[PDB]
Amino acid sequence: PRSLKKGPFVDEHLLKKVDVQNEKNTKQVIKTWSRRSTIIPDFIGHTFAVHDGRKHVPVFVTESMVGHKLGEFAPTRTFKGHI
Amino acid sequence: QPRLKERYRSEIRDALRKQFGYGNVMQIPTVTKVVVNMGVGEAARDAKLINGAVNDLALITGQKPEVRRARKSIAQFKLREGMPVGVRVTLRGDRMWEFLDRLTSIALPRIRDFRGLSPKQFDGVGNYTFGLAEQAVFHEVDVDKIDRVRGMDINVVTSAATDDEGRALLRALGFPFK
Amino acid sequence: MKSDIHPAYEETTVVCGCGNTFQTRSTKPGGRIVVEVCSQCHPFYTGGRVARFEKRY
Amino acid sequence: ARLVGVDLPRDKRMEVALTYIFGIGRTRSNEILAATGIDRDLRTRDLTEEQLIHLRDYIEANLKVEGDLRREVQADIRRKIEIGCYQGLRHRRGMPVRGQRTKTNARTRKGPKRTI
RNA sequence: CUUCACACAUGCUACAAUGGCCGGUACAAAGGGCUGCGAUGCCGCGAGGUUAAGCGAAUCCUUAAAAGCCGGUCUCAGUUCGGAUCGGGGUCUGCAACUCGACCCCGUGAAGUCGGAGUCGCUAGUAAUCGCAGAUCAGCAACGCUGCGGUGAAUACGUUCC
RNA sequence: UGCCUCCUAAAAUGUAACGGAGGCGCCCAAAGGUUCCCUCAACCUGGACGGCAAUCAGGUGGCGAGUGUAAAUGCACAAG
Ligand SMILES: [Mg+2]
Ligand SMILES: [Mg+2]
Ligand SMILES: [Mg+2]
Ligand SMILES: [Mg+2]
Ligand SMILES: [Mg+2]
Ligand SMILES: [Mg+2]
Ligand SMILES: [Mg+2]
Ligand SMILES: [Mg+2]
Ligand SMILES: [Mg+2]
Ligand SMILES: [Mg+2]
Ligand SMILES: [Mg+2]
Ligand SMILES: [Mg+2]
Ligand SMILES: [Zn+2]
């Protein structure tokens with residue numbers, strides 16, 4: 001939580017969504033709503049579907065988005081322009 | 001005596017007679033010329049490539065390149081027939097081996113996020129061609145004496161007769177492949 | 001035309017931070033080219049989801 | 001009197017004269033002139049060339065100057081764009097990035113008035 | 001509810017020498033404190049961290065008031081004016097700071113050289129300028145609002161015209 | 001309304017019409033003289049931005065490009 005005294009922040013419901021998927025060979029996308037969870041250096045190569053208010057946006061954590069929150073990649077304001 | 005040339009006729013010249021069944025030592029493949037051009041297409045406006053694309057390949061390769069003119073006029077590029085659009089150097093002899101030495105050793109493995117070069121880039125004869133993204137790693141140029149970035153692509157021309165025959169020549173020379 | 005047009009091109013010794021060094025010929029002024037990664041100290045030359053549950057549970 | 005590649009202007013006190021280097025402000029200039037012993041109240045025309053050696057080398061140990069900071073700036077602006085973050089969507093169009101107000105202001109991140 | 005080709009209104013900070021910065025050094029008033037005020041000491045460049053005396057308060061804390069006076073320096077420059085923007089690294093509150101929090105450190109140094117038609121406030125402790133406290137409040141986008149005191153002018157022939 | 005080129009024009013030349021198609025009243029101090037050297041366009045394959053097409057490299061390619069300017073005769077031995 002933004003201070004270097006209590007580490008980074010990940011919601012507890014984000015992690016334990018998988019229990020028996022070490023042995024049936026799947027890489028299931030996560031239907032999540034926690035925009036506020038910091039991408040720690042353990043989500044590398046995984047994927048998430050982030051809720052931007054009206055739908056879910058698929059983000060792929062490559063390696064270089066390791067210091068940012070999860071919600072920075074699903075924008076929440078549609079703006080094509082004035083004219 | 002350059003070090004890649006003496007290493008070529010030390011084990012590379014002999015290893016291809018076992019991997020490929022050549023009867024004669026004159027059938028052994030060898031790189032003949034290495035061609036580097038910029039191709040500065042943004043020279044049909046304001047004509048500033050004299051300081052740009054000539055004064056860097058002279059520093060990279062070692063000899064001053066050839067300003068090349070257009071063949072015909074294409075309207076959508078503002079390109080008139082008889083206008084400098086590409087800058088090309090040709091490397092032979094000792095300066096060819098000393099460019100491929102400086103390429104594979106220190107220049108090519110310092111591209112940002114480098115994961116090799118594609119081995120599917122042979123034309124059908126045994127001639128290899130890859131490209132680069134920017135005014136590259138090559139330490140002879142610096143930020144104090146360069147304008148805007150510009151890329152190059154490098155042709156490697158061998159005496160090989162087919163693709164894997166030329167691919168195996170470039171493997172022992174030191175080209176990475178994924 | 002192989003006279004007073006091309007730049008100066010003399011001998012130049014390269015050293016690496018790993019310790020690999022060799023002698024070539026280039027247009028570096030002074031023979032003082034310095035790399036910090038070379039063709040022998042670089043990668044690509046020498047090499048389920050329940051891991052979420054392993055960390056904080 | 002080139003110090004790092006910026007050509008310091010003549011007739012100027014050295015505390016402010018070292019600030020025209022891109023990458024050195026007022027705080028760093030107090031600790032360039034401290035570790036080298038050069039007094040602050042000194043004109044740059046009285047700059048001894050042996051004294052110029054004492055601070056042309058201390059910078060490459062700890063500080064950062066033209067080129068290798070301006071590229072560190074423009075690569076960080078580069079990095080945010082292709083990963084597709086909120087500030088990368090915001091550096092392409094030109095609107096301000098640190099959560100500013102876009103309704104009545106932000107003329108610094110834009111031009112003058114466009115007059116529709 | 002914080003969008004952004006633009007437009008209006010209310011303010012703040014400026015364009016500097018009656019000033020900027022650095023060092024020493026005086027003088028307030030009214031208010032807040034137990035789900036709190038954190039003195040002293042120590043660590044940290046700094047926001048702050050930790051320890052804990054006193055205090056339901058004319059007792060203790062908030063509390064260093066700032067303008068001012070003295071000395072040094074800068075010498076009229078888009079600058080040692082201006083601090084918007086942006087890069088990087090931090091701290092605190094909160095379950096949580098990406099959309100969308102203040103604050104701190106380092107780098108970056110945009111516009112602006114006193115403002116067209118038009119228009120606004122003010123008759124004396126007033127205008128002008130300088131800080132401080134409060135309420136809502138975990139925190140704050142407080143440059144607002146409601147109070148407090150410091151320094152402190154210039155003019156009013158006159159009722160023709162708005 | 002003069003000059004240039006094709007067709008009509010009947011396989012030498014010539015040949016009418018208010019018959020059918022287009023040009024000219026210049027341009028070049030090199031786009032002239034000579035000497036020496038080179039082969040083009042299109043297609044295919046590989047290649048940073050680069051696309052049907054800029055520049056590169058390799059194939060295939062006997063003239064399909066090009067010719068200061070209209071068309072005809074020519075020109076790759078080049079007159080390009
Ligand atoms: Mg509102
Ligand atoms: Mg201290
Ligand atoms: Mg201006
Ligand atoms: Mg200032
Ligand atoms: Mg002025
Ligand atoms: Mg009155
Ligand atoms: Mg409050
Ligand atoms: Mg006839
Ligand atoms: Mg006849
Ligand atoms: Mg006519
Ligand atoms: Mg001639
Ligand atoms: Mg000719
Ligand atoms: Zn090495």
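Chain letters run A, B, ... following the sequence lines, proteins first, then strands; residues in each count from 1.
- Comparing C86(E), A54(F), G47(F) by their nearest atom to the side chain of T129(B) picks out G47(F).
- Distances were taken from every side-chain heavy atom of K103(D) (C-beta onward) to each of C86(E), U80(E), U3(E); the shortest belongs to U3(E).
- When each of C86(E), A54(F), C4(E) is scored by its nearest atom to the side-chain atoms of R45(B), the top-ranked nucleotide is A54(F).
- Scanning atom types as modelled, one donor and one acceptor separated by under 3.5 angstrom connect the side chain of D153(B) and the base of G47(F).
- Nucleotides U18(E) and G121(E) fail the base-pair criterion, which asks for a Watson-Crick or G-U wobble arrangement whose two donor-acceptor distances both fall under 3.5 Å.
- Base engagement by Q76(B) is indicated by at least one non-hydrogen atom pair under 4.0 Å involving a base atom.
- Of all nucleotides listed (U55(F), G88(E), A5(E)), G88(E) comes nearest to the side chain of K80(D).
- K78(B) comes within 4.0 angstrom of no nucleic acid atom, judged by non-hydrogen atoms across all strands.
- A canonical Watson-Crick pair (purine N1 to pyrimidine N3 plus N6-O4 or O6-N4) or a G-U wobble (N1-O2 and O6-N3), each contact under 3.5 Å, is present between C81(E) and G112(E).
- Taken together, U93(E) and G46(E) do not qualify as a Watson-Crick or G-U wobble pair under the 3.5 Å criterion applied to both distances.
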- Which letter, B, S or -, goes with each nucleotide of nucleotides 102-118 of chain E from 5' to 3', with contact meaning a protein heavy atom under 4.0 Å? ----SSS----------

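- Judged by the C1'-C2'-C3'-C4' torsion, which is positive here, the sugar of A154(E) sits on the north, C3'-endo side.
- Of the candidate nucleotides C4(E), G94(E), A54(F), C4(E) has the atom nearest to the side chain of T102(D).
- Only the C1' atoms considered, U62(E) is 12 Å distant from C132(E), to the nearest whole Å.
- Using a 4.0 Å heavy-atom cutoff across all strands shown, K5(A) reaches no nucleic acid atom at all.
- Nearest nucleotide to the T104(D) side chain, out of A57(F), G58(F), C8(E): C8(E).
- Counting distance only, with no hydrogens placed and no angle test, the side-chain atoms of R35(A) and the base atoms of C98(E) include a donor-acceptor pair under 3.5 Å.
- Glycosidic conformation of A142(E) is syn; the angle stays within 90° of 0.
- Taking the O4'-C1'-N9-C4 or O4'-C1'-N1-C2 dihedral as appropriate, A5(E) has a value within 90° of 0 and is therefore syn.
- Between the side chain of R36(A) and the base of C95(E), at least one donor-acceptor pair of N or O atoms lies under 3.5 Å.
- Residue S3(A) is the one, among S3(A) and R77(A), whose nearest nucleotide of RNA chain E lies closer to the 5' end (criterion: closest heavy atom).
- Across the interface with RNA chain F, nearest-nucleotide mapping of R150(B) and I74(B) shows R150(B) to be the residue nearer the 5′ end.
- Remark: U40(E) does not pair with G152(E), failing the Watson-Crick or G-U wobble criterion at under 3.5 Å for both atom pairs.
- Here the separation of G144(E) from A156(E), taken at their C1' atoms, is 36 Å to the nearest Å.
- Nucleotides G118(E) and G87(E) are separated by 44 Å at their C1' atoms, to the nearest Å.
- Heavy atoms of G86(B) sit under 4.0 angstrom from primed sugar atoms or phosphate atoms, though from no base atom.
- The residue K113(D) sits close only to the backbone: its heavy atoms come under 4.0 Å of sugar-phosphate atoms, none of a base.
- Out of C86(E), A5(E), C74(E), the shortest distance to the side chain of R43(D) is found at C74(E).
- Searching all strands for a Watson-Crick or G-U wobble partner of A16(F) with both distances below 3.5 Å returns nothing.
- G80(F) and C38(F) make a Watson-Crick or G-U wobble pair, with both donor-acceptor distances under 3.5 Å.
- Base contact: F77(B) has a heavy atom under 4.0 Å from a base atom.
- Judged by the 6.0 Å and 45° rule, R25(C) forms no cation-pi pair with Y9(C).
- Between the side chain of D123(B) and the main chain of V125(B), a donor-acceptor pair closer than 3.5 Å is present.
- Counting any heavy atom pair closer than 4.0 Å across all strands shown, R90(D) reaches sugar-phosphate atoms only and no base atom.
- In this structure, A10(F) forms no base pair with any nucleotide, since neither Watson-Crick nor G-U wobble geometry is met with both distances under 3.5 Å.
- At most 12 non-hydrogen atoms from other residues, nucleotides or ligands lie less than 6.0 angstrom from NZ of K103(D).
- Here, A72(F) and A21(F) have their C1' atoms 13 Å apart, quoted to the whole Å.
- Base pairing of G2(F): its partner is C24(F), meeting the Watson-Crick or G-U wobble criterion (both donor-acceptor distances under 3.5 Å).
- When the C1' atom is compared between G23(F) and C7(F), the two are found 16 Å apart, to the nearest whole Å.
- Among the heavy atoms of the strands lying under 4.0 Å from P96(D) are primed sugar atoms or P, OP1, OP2 only; no base atom is included.
- Nucleotides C61(E) and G56(E) are separated by 13 Å at their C1' atoms, to the nearest Å.
- Glycosidic torsion of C63(F) falls within 90° of 0, placing the base in syn.
- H68(A) contributes no side-chain N or O that forms a donor-acceptor pair with the base of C98(E) under 3.5 Å.
- Pairing for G147(E) goes to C132(E), judged as Watson-Crick or G-U wobble with the two contacts each under 3.5 Å.
- Of the candidates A57(F), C86(E), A96(E), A96(E) carries the atom nearest the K6(A) side chain, counting heavy atoms from C-beta on.
- Rounded to whole Å, the separation between the P atoms of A39(E) and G54(E) comes to 15 Å.
- Applying the side-chain contact (heavy atoms from CB on, under 4.5 Å) test between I38(D) and each of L33(D), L52(D), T48(D), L18(D) identifies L33(D) as the sole match.
- Taking the side chain of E42(B) as heavy atoms from C-beta on, and the options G87(E), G50(F), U55(F), the nearest nucleotide is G50(F).
- Residue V16(D) is classed as a base contact, given a heavy-atom separation below 4.0 Å to a base.
- Distance from the side chain of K12(D) is smallest to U80(E) among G90(E), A54(F), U80(E).
- If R71(B) and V40(B) are placed on RNA chain F by their nearest nucleotide, the residue sitting closer to the 5' end is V40(B).
- The pentose of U91(E) belongs to the north class of puckers. Its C1'-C2'-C3'-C4' angle has a positive sign.
- For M38(B) against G151(B), the heavy-atom pair with the smallest separation is SD-O, 3.2 Å.
- The residue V97(D) sits close only to the backbone: its heavy atoms come under 4.0 Å of sugar-phosphate atoms, none of a base.
- Look at the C1' atom in both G83(E) and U126(E): the space between them is 34 Å, to the nearest Å.
- For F48(A) and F43(A), the ring centers sit closer than 6.0 Å to each other.
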